[PDB]
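Protein chains get the first letters and strands the later ones, always in sequence-line order, with residue 1 at the start of each. Computation of the quantities below employed the complete heavy-atom set of this structure, encompassing side-chain atoms and omitting hydrogens, waters and symmetry-equivalent molecules.
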2 protein chains.
Amino acid sequence: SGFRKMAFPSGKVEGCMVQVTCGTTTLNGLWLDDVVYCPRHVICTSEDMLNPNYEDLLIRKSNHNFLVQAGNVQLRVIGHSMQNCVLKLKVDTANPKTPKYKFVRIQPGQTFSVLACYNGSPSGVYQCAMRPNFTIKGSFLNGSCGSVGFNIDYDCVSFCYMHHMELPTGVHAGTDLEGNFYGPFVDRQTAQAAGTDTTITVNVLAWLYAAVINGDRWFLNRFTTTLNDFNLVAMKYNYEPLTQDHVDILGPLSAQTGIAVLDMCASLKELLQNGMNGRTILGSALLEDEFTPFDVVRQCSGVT
Amino acid sequence: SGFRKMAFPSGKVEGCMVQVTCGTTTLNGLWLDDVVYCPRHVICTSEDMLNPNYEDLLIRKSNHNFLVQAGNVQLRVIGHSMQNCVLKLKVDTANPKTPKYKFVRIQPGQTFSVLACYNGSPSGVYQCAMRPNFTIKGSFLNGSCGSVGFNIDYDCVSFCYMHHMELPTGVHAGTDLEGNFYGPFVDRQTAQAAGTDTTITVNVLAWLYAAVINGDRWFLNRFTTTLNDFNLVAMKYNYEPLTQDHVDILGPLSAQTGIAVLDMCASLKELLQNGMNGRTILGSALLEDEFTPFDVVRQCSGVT
Ligand SMILES: O=C(Cc1cccc(Cl)c1)Nc1nnc2ccccn12
Ligand SMILES: O=C(Cc1cccc(Cl)c1)Nc1nnc2ccccn12
């Protein structure tokens, strides 16, 4: 029992973190096989970030200008290329700690763990989600760029995020491992505002199922609703529309608890309309949306 | 910017997790040097847990009855001993992945990371605190016993907790690595209720400082208070008494923000008396008490 915002064990990813320096900029790189991935803005000076032409800036850079250090030992760079907003630095040595891995591009609402790093060294691990506005609510300081987001399935690490930027509102933007940003963000020091940060409805419902499994049941009511009626309420409260696909994904949690998905929707509808009334659910005084249905099942079953 | 419930990177501890089986019970062990530490209740059957005499039960056990598996390879047990509520299994091989380490006994209010494990395999990592009633609010299922709690200082892992038990209220109890339980709990299936779970005042104030550093400032008011006046309010709300030692530990956060500790106490006093009024602080609708002043400084400075 008990329900926590749990991250994946980070060891497999710690073994991949390296430091990359170009000129006077130092950030993090991810070393998998004989390639080191890092944000392309490592080639930029402070003045370059306002309006950078990355292709032009990269012409002035050679393999020997990219300093890559793995722990206390230097890696030899034998090639470099730009793929979208990331640089791929080919080194002469395969990372002996390379886990089984995949590069995945996640959808909004999906969660992942972040290993925050500075100077190629891990500082901490936390769980977060790709918001519906394509930002992440992370905890990153200067030097954290190149820190990665990932999920693990037994022995395979699926890398889904690389940190690039902090918006003026304190929210974070980054790319997948192919260097494509999530959302409309660009790697430039320019006016980039985030859209509406709506609540991930399917995740809230999964977390309400987690609460029932753990004994917090005060919010269960005698009501039911329909997808259309629920969705009218969800629109009013800036919650994402619930689809039949979301209902289907909640099937195993509905089966485990015996609470029909639409009945849980009616409980969520009353919580939105009436508030918590000073009460808590799973130690939270607000409705938590950064646990997916898969996360709830995984945590409640003990998948290693 | 951004503030998250962040755990230490878990790799150094993942390299120490092993599976221990005695009879039909399987739980986790911690392998450091040539010793494997695990809860002594691994020797108990389901019927033994009601009123176990551990010394008597242990007489019927020999080295070959403790099966220790590190990954897929079996460790040879060449000695066994009971130290308080833990068993120390001497194996013939030093763990080649043993990090620099210490065993520490923490005080209530102190935080640590937990690497939840099943069958010697890591499932997840989360941050928690030793509650003032000596329980922890973890996320543990059957098979999680022997999972450990730890803090890391650069390269040294300080182990502070080993999971032993879940109370009937869904809260968790365990020992330090010398096998002494935190609080009055015993490793028996018996009536053990937890005391008042008071709020860790010094941690709430540290988290209010973290909020100011990250831009959440709505709760700052025009008031001040004294330690004695504040403590009258803290008693009323089941908050721990704030001492001058706590004020001193908050000094660096007071210096960074320019907000005197007693002024922050007055802000906390108004939050206790008036509530949040439907507002949030650092994405929370309640006052968070599982970040110590050291955690706030560490996260806000990027210590690796
Ligand atoms: O935002 C930047 C630098 C940058 C500026 C403009 C565009 C790009 Cl791609 C990168 N670095 C960064 N990332 N997280 C944090 C957190 C705190 C301070 C700086 N942070
Ligand atoms: O509580 C026990 C077994 C036990 C019973 C009585 C005394 C002792 Cl020392 C140990 N195991 C356990 N620990 N965390 C969880 C979580 C879910 C189920 C069981 N859990």
Side-chain angles (χ1 to χ4, degrees), chain A residues 7 9-11 13-15 17 19 28 69-72 113-126 139-141 143-144 147, chain B residues 3-17 30-33 35 37 95-116 122 125-130 136 147-163 174-178 182 200 202-203 206-207 209-210 213 245-246 248-253 256 290-304:
Chain A
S10 61
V13 178
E14 294 167 47
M17 303 311 306
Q19 177 190 89
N28 307 282
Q69 199 179 315
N72 242 321
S113 297
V114 172
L115 180 65
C117 291
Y118 299 89
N119 298 110
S121 289
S123 67
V125 63
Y126 55 90
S139 177
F140 289 115
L141 304 173
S144 62
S147 293
Chain B
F3 206 74
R4 282 279 186 183
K5 190 64 75 49
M6 184 179 297
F8 285 99
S10 61
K12 283 169 189 284
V13 178
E14 294 167 47
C16 305
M17 303 311 306
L30 181 73
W31 181 25
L32 297 165
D33 304 326
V35 178
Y37 300 84
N95 183 0
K97 301 185 196 160
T98 306
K100 290 180 187 172
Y101 76 93
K102 287 177 172 169
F103 287 170
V104 303
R105 184 173 177 82
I106 63 168
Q107 282 285 275
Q110 298 301 122
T111 60
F112 55 93
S113 297
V114 172
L115 180 65
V125 63
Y126 55 90
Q127 192 70 354
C128 66
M130 178 56 54
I136 75 164
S147 293
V148 300
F150 62 96
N151 283 271
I152 308 173
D153 182 33
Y154 173 60
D155 61 347
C156 183
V157 182
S158 285
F159 290 101
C160 60
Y161 179 82
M162 178 169 273
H163 188 49
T175 67
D176 60 21
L177 272 294
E178 293 179 350
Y182 284 99
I200 310 150
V202 67
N203 291 4
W207 169 89
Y209 276 110
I213 291 170
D245 274 5
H246 293 136
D248 289 345
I249 296 169
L250 293 161
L253 285 175
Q256 183 176 347
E290 297 194 351
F291 295 98
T292 66
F294 307 94
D295 288 341
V296 172
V297 169
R298 187 188 302 115
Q299 184 166 167
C300 296
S301 73
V303 172
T304 58

Exercise for review: Assess whether side-chain contact (heavy atoms from CB on, under 4.5 Å) is satisfied between B:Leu32 and B:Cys16, documenting all intermediate values.
Suggested key: CA-CA 6 Å; B:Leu32 297 165; B:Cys16 305; 3.6 Å; yes
Check your understanding: Where do B:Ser158 and B:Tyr101 land on the side-chain contact (heavy atoms from CB on, under 4.5 Å) test, with the steps shown first?
Key -> CA-CA 6 Å; B:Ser158 285; B:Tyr101 76 93; over 6 Å; no
Exercise for review: Take A:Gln19 and A:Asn28, measure what side-chain contact (heavy atoms from CB on, under 4.5 Å) needs, and give me the verdict at the end.
Suggested key: CA-CA 5 Å; A:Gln19 177 190 89; A:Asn28 307 282; over 6 Å; no
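Between B:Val125 and A:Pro9, every side-chain heavy-atom pair lies at or beyond the 4.5 Å cut-off. Looking at B:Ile213 and B:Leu253, their side chains come closer than 4.5 Å, going by heavy atoms from C-beta outward. Residues B:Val148 and B:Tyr37 fail the side-chain proximity criterion, which asks for heavy atoms closer than 4.5 Å. Contact check for B:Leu30 versus B:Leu177: side-chain heavy atoms found under the 4.5 Å cut-off. Within the 4.5 Å cutoff, side-chain heavy atoms of B:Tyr182 are placed close to those of B:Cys160.
A distance of 6.5 Å separates CD1 of B:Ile152 from CZ of B:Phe8, quoted to the nearest 0.5 Å. For the atom pair CG of B:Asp295 and CZ of B:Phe3, the computed distance is 7.0 Å after rounding to the nearest 0.5 Å. In this structure, OG in A:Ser144 is found 11.5 Å from CG in A:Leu115, a value given to the nearest 0.5 Å. In this structure, B:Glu290 CD and B:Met130 CE are separated by 10.5 Å, a value rounded to the nearest 0.5 Å.
A side-chain donor-acceptor contact under 3.5 Å links B:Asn151 to the backbone of B:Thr111. Here the side chain of B:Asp176 pairs no donor or acceptor atom with the backbone of B:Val104 at under 3.5 angstrom. Formation of a donor-acceptor pair under 3.5 Å by the A:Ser123 side chain with backbone atoms of A:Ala116 is found in this model. For B:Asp155 (side chain) and B:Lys100 (main-chain N/O), no donor-acceptor pair under 3.5 Å exists by modelled atom type. Between the side chain of B:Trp207 and the main chain of B:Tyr209, no donor-acceptor pair closer than 3.5 Å is present. Formation of a donor-acceptor pair under 3.5 Å by the B:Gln299 side chain with backbone atoms of B:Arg4 is found in this model. A:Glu14 places a side-chain N or O within 3.5 Å of a backbone atom of B:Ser10 that can act as its donor or acceptor partner. Distance alone, capped at 3.5 Å, is enough to place a donor-acceptor pair between the A:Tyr118 side chain and the A:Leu141 backbone. Checking side-chain atoms of B:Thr98 against main-chain N and O of B:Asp33 turns up a donor-acceptor pair under 3.5 Å.
The minimum heavy-atom distance linking B:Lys5 with B:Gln127 is given by the pair CG-CB, 3.7 Å. Heavy atoms only, all atoms of each residue included: A:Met17 and A:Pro122 are closest at CG-CG, 4.5 Å. The shortest non-hydrogen separation linking B:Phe112 to B:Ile136 is CZ-CG2, 3.7 Å. Of all heavy-atom pairs between B:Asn203 and B:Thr292, the closest is OD1-CA, 3.4 Å.
By the neighbour-count criterion of 12 heavy atoms within 6.0 Å, atom CG of B:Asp153 is sparsely surrounded, having that number or fewer from other residues, nucleotides or ligands.
Every residue two or more places apart in sequence or in another chain was checked for a ring-ring contact (aromatic ring centres under 6.0 Å, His included) with B:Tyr126, and none qualifies. In this structure B:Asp245 satisfies the salt bridge (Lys or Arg N to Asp or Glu O under 4.0 Å) test with no other residue, sequence neighbours excluded.
Classified by interplanar angle (parallel below 30°, tilted 30° to 60°, perpendicular above 60°), the ring pair B:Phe159/B:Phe103 is perpendicular.
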